[PDB]
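Chemist: work-v3.txt is reproduced below (compact mmCIF, C-alpha atoms).
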```txt
# COMPACT_ATOMS: atom_id res chain seq x y z
CA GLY A 1 -14.08 -0.61 14.36
CA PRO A 2 -11.32 0.10 11.85
CA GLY A 3 -8.12 -1.91 11.69
CA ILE A 4 -4.67 -0.32 11.61
CA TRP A 5 -1.79 -0.83 9.19
CA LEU A 6 1.63 0.55 10.14
CA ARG A 7 4.36 1.68 7.76
CA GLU A 8 7.86 2.07 9.18
CA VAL A 9 11.21 1.48 7.49
CA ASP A 10 13.35 1.31 10.66
CA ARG A 11 13.36 -2.22 12.06
CA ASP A 12 14.20 -1.29 15.67
CA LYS A 13 11.45 1.33 15.79
CA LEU A 14 8.86 -0.83 14.01
CA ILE A 15 9.42 -3.83 16.29
CA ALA A 16 9.22 -1.64 19.40
CA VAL A 17 5.89 -0.27 18.18
CA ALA A 18 4.68 -3.72 17.10
CA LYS A 19 5.48 -5.28 20.48
CA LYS A 20 3.48 -2.56 22.23
CA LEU A 21 0.53 -2.91 19.84
CA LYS A 22 0.43 -6.68 20.35
CA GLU A 23 0.21 -6.15 24.12
CA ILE A 24 -2.53 -3.51 23.94
CA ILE A 25 -4.60 -3.83 20.76
CA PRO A 26 -3.51 -7.03 18.93
CA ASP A 27 -6.90 -7.65 17.29
CA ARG A 28 -6.96 -4.21 15.63
CA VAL A 29 -3.60 -4.71 13.88
CA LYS A 30 -4.21 -5.71 10.26
CA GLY A 31 -0.72 -5.57 8.81
CA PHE A 32 2.58 -3.83 8.26
CA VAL A 33 4.32 -2.17 5.33
CA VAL A 34 8.07 -2.78 5.60
CA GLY A 35 11.06 -1.64 3.60
CA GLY A 36 14.82 -1.42 3.52
CA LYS A 37 17.62 -3.93 3.01
CA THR A 38 16.50 -7.45 2.11
CA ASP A 39 18.31 -8.91 5.13
CA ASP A 40 16.61 -6.43 7.47
CA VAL A 41 13.17 -6.78 5.88
CA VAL A 42 13.28 -10.57 5.99
CA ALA A 43 14.24 -10.56 9.68
CA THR A 44 11.43 -8.07 10.39
CA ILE A 45 8.89 -10.23 8.56
CA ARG A 46 9.79 -13.25 10.69
CA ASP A 47 9.62 -11.19 13.89
CA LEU A 48 6.20 -9.80 12.94
CA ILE A 49 4.84 -13.25 12.07
CA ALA A 50 6.15 -14.56 15.40
CA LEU A 51 4.41 -11.72 17.26
CA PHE A 52 1.05 -11.74 15.48
CA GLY A 53 -0.85 -14.61 13.88
CA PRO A 54 -0.38 -16.28 10.52
CA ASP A 55 -3.22 -13.98 9.39
CA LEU A 56 -0.95 -10.92 9.63
CA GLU A 57 -0.52 -9.34 6.21
CA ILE A 58 2.89 -7.88 5.42
CA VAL A 59 3.56 -5.60 2.43
CA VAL A 60 7.17 -5.25 1.29
CA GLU A 61 8.07 -1.98 -0.40
CA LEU A 62 10.09 -2.40 -3.60
CA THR A 63 11.92 0.81 -4.52
CA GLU A 64 14.34 -0.56 -7.16
CA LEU A 65 12.71 -2.06 -10.24
CA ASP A 66 15.70 -4.17 -11.30
CA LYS A 67 16.09 -5.76 -7.84
CA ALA A 68 12.38 -6.09 -7.04
CA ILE A 69 11.90 -9.74 -7.99
CA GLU A 70 14.85 -11.03 -5.94
CA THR A 71 13.77 -8.99 -2.92
CA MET A 72 10.17 -10.11 -3.41
CA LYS A 73 11.01 -13.81 -3.54
CA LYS A 74 13.09 -13.60 -0.35
CA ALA A 75 10.47 -11.50 1.44
CA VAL A 76 7.61 -13.80 0.42
CA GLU A 77 9.70 -16.76 1.57
CA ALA A 78 9.92 -15.01 4.95
CA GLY A 79 6.12 -14.69 4.98
CA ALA A 80 5.26 -11.44 3.19
CA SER A 81 1.89 -11.44 1.43
CA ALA A 82 2.02 -8.35 -0.81
CA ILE A 83 4.38 -5.98 -2.57
CA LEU A 84 4.18 -2.20 -2.92
CA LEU A 85 5.89 -1.05 -6.12
CA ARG A 86 7.22 2.50 -5.83
CA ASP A 87 8.97 4.43 -8.71
CA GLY A 88 6.89 2.69 -11.35
CA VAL A 89 6.38 5.94 -13.28
CA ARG A 90 10.00 5.80 -14.49
CA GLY A 91 9.90 2.40 -16.19
CA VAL A 92 6.30 1.33 -16.74
CA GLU A 93 7.29 -1.55 -19.04
CA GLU A 94 9.04 -3.24 -16.11
CA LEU A 95 5.90 -3.73 -13.98
CA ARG A 96 4.38 -6.58 -16.01
CA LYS A 97 7.33 -8.89 -15.29
CA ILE A 98 7.34 -7.95 -11.60
CA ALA A 99 3.56 -8.29 -11.32
CA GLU A 100 3.66 -11.61 -13.21
CA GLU A 101 6.24 -13.01 -10.79
CA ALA A 102 4.24 -11.70 -7.83
CA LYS A 103 1.12 -13.45 -9.12
CA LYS A 104 3.03 -16.70 -9.66
CA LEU A 105 3.85 -16.53 -5.93
CA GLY A 106 0.24 -15.76 -4.99
CA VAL A 107 1.31 -12.29 -3.83
CA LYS A 108 -0.83 -9.14 -3.87
CA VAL A 109 0.39 -6.30 -6.10
CA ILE A 110 0.05 -2.68 -4.97
CA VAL A 111 1.29 0.06 -7.32
CA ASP A 112 2.24 3.51 -6.03
CA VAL A 113 1.17 6.17 -8.53
CA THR A 114 3.16 9.39 -8.22
CA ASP A 115 3.74 12.16 -10.71
CA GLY A 116 5.85 11.88 -13.84
CA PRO A 117 5.63 12.22 -17.63
CA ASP A 118 4.13 8.71 -17.92
CA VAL A 119 1.71 8.95 -14.99
CA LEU A 120 -1.38 8.10 -17.05
CA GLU A 121 0.38 5.23 -18.84
CA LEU A 122 1.55 4.01 -15.42
CA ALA A 123 -2.04 4.26 -14.18
CA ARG A 124 -3.29 2.26 -17.17
CA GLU A 125 -0.65 -0.43 -16.67
CA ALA A 126 -1.30 -0.52 -12.92
CA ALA A 127 -5.02 -0.96 -13.63
CA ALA A 128 -4.27 -4.06 -15.73
CA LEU A 129 -1.78 -5.55 -13.23
CA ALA A 130 -2.47 -4.45 -9.66
CA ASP A 131 -4.78 -5.48 -6.86
CA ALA A 132 -4.64 -1.93 -5.48
CA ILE A 133 -3.29 1.48 -6.43
CA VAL A 134 -2.04 4.15 -4.02
CA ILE A 135 -2.86 7.60 -5.44
CA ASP A 136 -0.83 10.57 -4.22
CA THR A 137 -3.40 13.22 -3.32
CA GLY A 138 -0.84 15.95 -4.05
CA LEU A 139 -1.27 15.07 -7.73
CA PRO A 140 -3.23 17.56 -9.87
CA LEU A 141 -6.95 17.03 -9.45
CA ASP A 142 -7.71 16.14 -13.08
CA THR A 143 -4.85 13.64 -13.05
CA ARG A 144 -6.11 12.05 -9.82
CA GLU A 145 -9.66 11.80 -11.19
CA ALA A 146 -8.22 10.16 -14.30
CA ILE A 147 -6.28 7.59 -12.27
CA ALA A 148 -9.26 6.81 -10.04
CA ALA A 149 -11.66 6.45 -12.98
CA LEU A 150 -9.14 4.16 -14.68
CA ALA A 151 -8.76 1.94 -11.61
CA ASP A 152 -12.50 1.83 -10.87
CA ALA A 153 -13.28 0.69 -14.41
CA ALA A 154 -10.65 -2.06 -13.98
CA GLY A 155 -12.02 -3.09 -10.58
CA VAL A 156 -8.79 -2.11 -8.80
CA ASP A 157 -8.89 -0.96 -5.17
CA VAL A 158 -8.00 2.71 -4.72
CA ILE A 159 -5.99 4.00 -1.75
CA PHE A 160 -5.50 7.73 -1.23
CA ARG A 161 -2.17 8.84 0.21
CA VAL A 162 -2.77 12.05 2.18
CA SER A 163 -0.45 14.33 4.15
CA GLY A 164 -2.11 17.71 4.59
CA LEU A 165 -5.49 18.30 6.15
CA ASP A 166 -6.48 19.90 2.84
CA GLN A 167 -5.32 16.72 1.10
CA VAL A 168 -7.67 14.91 3.47
CA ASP A 169 -10.57 17.12 2.36
CA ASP A 170 -9.63 16.49 -1.27
CA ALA A 171 -9.42 12.71 -0.85
CA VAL A 172 -12.63 12.59 1.19
CA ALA A 173 -14.58 14.37 -1.55
CA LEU A 174 -13.08 12.13 -4.23
CA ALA A 175 -13.61 9.04 -2.06
CA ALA A 176 -17.37 9.68 -2.11
CA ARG A 177 -17.12 9.62 -5.92
CA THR A 178 -14.94 6.48 -6.16
CA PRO A 179 -16.65 3.10 -5.59
CA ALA A 180 -13.26 1.38 -5.73
CA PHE A 181 -11.99 3.54 -2.85
CA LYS A 182 -10.81 1.39 0.04
CA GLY A 183 -8.93 3.55 2.55
CA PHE A 184 -6.41 6.23 3.40
CA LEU A 185 -2.64 6.12 3.78
CA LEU A 186 -2.06 8.72 6.51
CA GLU A 187 1.28 10.51 6.25
CA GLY A 188 2.47 13.56 8.15
CA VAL A 189 0.80 12.79 11.49
CA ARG A 190 3.34 14.12 13.99
CA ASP A 191 1.39 14.20 17.28
CA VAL A 192 -1.91 13.20 18.85
CA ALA A 193 -3.36 16.63 18.01
CA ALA A 194 -2.97 15.93 14.29
CA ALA A 195 -4.28 12.38 14.73
CA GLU A 196 -7.38 13.80 16.43
CA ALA A 197 -8.07 16.25 13.59
CA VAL A 198 -7.90 13.38 11.08
CA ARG A 199 -10.14 11.19 13.25
CA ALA A 200 -12.73 13.98 13.43
CA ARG A 201 -12.68 14.59 9.67
CA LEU A 202 -13.06 10.86 8.98
CA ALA A 203 -15.97 10.70 11.44
CA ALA A 204 -17.68 13.69 9.80
CA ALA A 205 -17.37 11.94 6.42
CA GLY A 206 -18.70 8.61 7.69
CA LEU A 207 -15.41 6.90 6.80
CA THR A 208 -14.33 5.81 10.29
CA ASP A 209 -14.81 2.06 9.92
CA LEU A 210 -12.47 1.70 6.93
CA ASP A 211 -9.04 0.31 7.76
CA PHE A 212 -6.28 2.89 7.39
CA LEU A 213 -2.50 3.02 7.29
CA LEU A 214 -0.51 5.19 9.68
CA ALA A 215 2.98 6.08 8.46
CA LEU A 216 5.31 6.34 11.45
CA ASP A 217 7.97 8.40 9.63
CA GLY A 218 7.23 11.52 11.67
CA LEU A 219 6.72 9.83 15.01
CA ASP A 220 8.66 8.34 17.88
CA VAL A 221 7.51 5.10 19.51
CA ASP A 222 5.35 6.61 22.26
CA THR A 223 3.77 9.17 19.93
CA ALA A 224 3.13 6.46 17.33
CA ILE A 225 1.27 4.34 19.88
CA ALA A 226 -0.70 7.33 21.18
CA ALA A 227 -1.59 8.43 17.64
CA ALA A 228 -2.59 4.89 16.69
CA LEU A 229 -4.81 4.58 19.77
CA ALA A 230 -6.31 8.03 19.18
CA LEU A 231 -7.34 7.10 15.63
CA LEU A 232 -8.72 3.72 16.75
CA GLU A 233 -10.88 4.85 19.70
```
So, in terms of structure tokens, how does the structure I just supplied come out?

Modeler:
Amino acid sequence: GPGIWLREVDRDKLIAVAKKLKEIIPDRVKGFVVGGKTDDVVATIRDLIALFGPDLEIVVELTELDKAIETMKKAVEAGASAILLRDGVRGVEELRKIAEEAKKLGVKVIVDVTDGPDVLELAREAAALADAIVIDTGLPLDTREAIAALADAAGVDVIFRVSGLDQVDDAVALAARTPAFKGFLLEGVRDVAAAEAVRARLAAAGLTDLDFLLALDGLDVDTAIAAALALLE
């Protein structure tokens, strides 16, 4: 079956969810995407590594390009294994240095590709630097096809960020055209009913077994667990 990644920026909420997942479905938990203050993220990373095994992957979100390397070094020292660079479309020339320092640490590089004047240049740079690219499905279709074709040719894993059910249909169709496609980042799930609709669409597309990420932004602890279990059944 598929494995679950969880994205949550609140430490108290993430740990409460993580403790429950460890008790119920520890072997299905693949990793966590964490963010926030360096002091909070580093404490979360240690807590998550204490809960789960040394095999737990932890992605630290970097939202400030000029502070990314310092936050990355401290997070990796806590046990993080990957970075997710957001806001790269503003200053594309800054990603090489960040990606170079990530590589020197043996850290995976994930680049979030969102809209902007330099979105194609960001996509090109991400293709030359990143292990994986997260493509916002809300992007215009021709732009998304461009980014996916660029990443595929570079051998970069492609992750589709989806929020609407129509975004799911878009990403599913494009996923079948993208060999580099690796999985979905599920945003907007607010109850088990929405989690069921996604699970059914993924089943109809034959994409169930791929690991996915569930963003917990729109969920409380009990609904996050119920939505996670609903997607994983």

Chemist: Can you tell me which residues surround residue 72 of chain A at a distance of at most 12 Å, considering all atoms listed in the file, apart from same-chain residues fewer than 6 positions away, and format the answer as a PyMOL selection string?

Modeler: chain A and resi 34-35+37-39+41-42+58-66+78-85+98-109

Chemist: Write out as number ranges by chain each polymer residue whose atoms come within 12 Å of residue 176 of chain A, counting only C-alpha atoms; drop sequence neighbours fewer than 4 positions from it.

Modeler: A: 148, 158, 169-172, 180-183, 202, 205-207

Chemist: How many Å lie between atom CA of residue 92 of chain A and atom CA of residue 123 of chain A, rounded to one decimal?

Modeler: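 That distance, rounded to one decimal, is 9.2 Å.
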
Chemist: Counting only C-alpha atoms, which residue out of A:210, A:33, A:154, A:48 sits closest to residue 2 of chain A?

Modeler: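 Answer, going by the shortest atom-to-atom distance: A:210.
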
Chemist: Check the smallest atom-to-atom distance from each of A:77, A:145, A:10, A:211 to residue 231 of chain A using all atoms listed in the file, then report the winner.

Modeler: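 Smallest distance to residue 231 of chain A is found for A:211.
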
Chemist: Quick one: everything within 10 Å of residue 31 of chain A, counting all atoms listed in the file, minus sequence neighbours fewer than 6 positions away in the same chain. Send it as number ranges by chain.

Modeler: A: 3-7, 48, 52, 55-59, 81, 213

Chemist: Near residue 224 of chain A, within 9 Å and counting all atoms listed in the file, which residues show up once chain neighbours fewer than 6 positions away are dropped, as a ChimeraX atom specification?

Modeler: /A:17,189-192,214-216,218

Chemist: What does the distance from atom CA of residue 1 of chain A to atom CA of residue 160 of chain A come to in Å, to one decimal?

Modeler: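 One can read the atom CA of residue 1 of chain A to atom CA of residue 160 of chain A distance as 19.7 Å.
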
Chemist: Out of A:112, A:217, A:209, A:142, which residue has the shortest atom-to-atom distance to residue 95 of chain A when counting all atoms listed in the file?

Modeler: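 Of the candidates, the smallest distance to residue 95 of chain A is held by A:112.
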
Chemist: Quick one, how far is atom CA of residue 229 of chain A from atom CA of residue 179 of chain A?

Modeler: 28.0 Å

Chemist: Name the residues in contact with residue 127 of chain A at a cut-off of 8 Å, using all atoms listed in the file, excluding same-chain residues fewer than 6 positions from it; report them as number ranges by chain.

Modeler: A: 133, 150-151, 154-156

Chemist: From the options A:204, A:14, A:9, A:113, which residue's atoms come nearest to residue 89 of chain A, counting all atoms listed in the file?

Modeler: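 With all atoms listed in the file as the atom set, the closest residue is A:113.
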
Chemist: Got a minute to add N, CA and C atoms to segment 20-33 of chain A and dump it as an mmCIF file, in the frame of the given file?

Modeler:
```
data_model
loop_
_atom_site.group_PDB
_atom_site.id
_atom_site.type_symbol
_atom_site.label_atom_id
_atom_site.label_comp_id
_atom_site.auth_asym_id
_atom_site.auth_seq_id
_atom_site.Cartn_x
_atom_site.Cartn_y
_atom_site.Cartn_z
ATOM 1 N N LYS A 20 4.429 -3.274 21.387
ATOM 2 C CA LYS A 20 3.480 -2.560 22.230
ATOM 3 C C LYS A 20 2.053 -2.744 21.721
ATOM 4 N N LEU A 21 1.865 -2.711 20.401
ATOM 5 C CA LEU A 21 0.530 -2.910 19.840
ATOM 6 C C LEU A 21 0.007 -4.302 20.151
ATOM 7 N N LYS A 22 0.867 -5.320 20.045
ATOM 8 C CA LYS A 22 0.430 -6.680 20.350
ATOM 9 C C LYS A 22 -0.055 -6.790 21.791
ATOM 10 N N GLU A 23 0.597 -6.078 22.715
ATOM 11 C CA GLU A 23 0.210 -6.150 24.120
ATOM 12 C C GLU A 23 -1.116 -5.459 24.384
ATOM 13 N N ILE A 24 -1.438 -4.419 23.623
ATOM 14 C CA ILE A 24 -2.530 -3.510 23.940
ATOM 15 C C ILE A 24 -3.725 -3.717 23.015
ATOM 16 N N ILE A 25 -3.492 -3.731 21.708
ATOM 17 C CA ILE A 25 -4.600 -3.830 20.760
ATOM 18 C C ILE A 25 -4.279 -4.839 19.657
ATOM 19 N N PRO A 26 -3.959 -6.097 19.985
ATOM 20 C CA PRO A 26 -3.510 -7.030 18.930
ATOM 21 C C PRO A 26 -4.567 -7.306 17.870
ATOM 22 N N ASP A 27 -5.846 -7.314 18.234
ATOM 23 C CA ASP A 27 -6.900 -7.650 17.290
ATOM 24 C C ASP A 27 -7.210 -6.535 16.302
ATOM 25 N N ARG A 28 -6.752 -5.311 16.561
ATOM 26 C CA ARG A 28 -6.960 -4.210 15.630
ATOM 27 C C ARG A 28 -5.844 -4.081 14.606
ATOM 28 N N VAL A 29 -4.745 -4.813 14.776
ATOM 29 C CA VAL A 29 -3.600 -4.710 13.880
ATOM 30 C C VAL A 29 -3.847 -5.593 12.658
ATOM 31 N N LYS A 30 -3.941 -4.970 11.484
ATOM 32 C CA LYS A 30 -4.210 -5.710 10.260
ATOM 33 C C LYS A 30 -2.937 -6.084 9.514
ATOM 34 N N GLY A 31 -1.902 -5.261 9.586
ATOM 35 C CA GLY A 31 -0.720 -5.570 8.810
ATOM 36 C C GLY A 31 0.331 -4.494 8.938
ATOM 37 N N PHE A 32 1.434 -4.724 8.234
ATOM 38 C CA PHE A 32 2.580 -3.830 8.260
ATOM 39 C C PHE A 32 3.098 -3.658 6.841
ATOM 40 N N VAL A 33 3.598 -2.459 6.558
ATOM 41 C CA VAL A 33 4.320 -2.170 5.330
ATOM 42 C C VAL A 33 5.773 -1.934 5.724
#
```
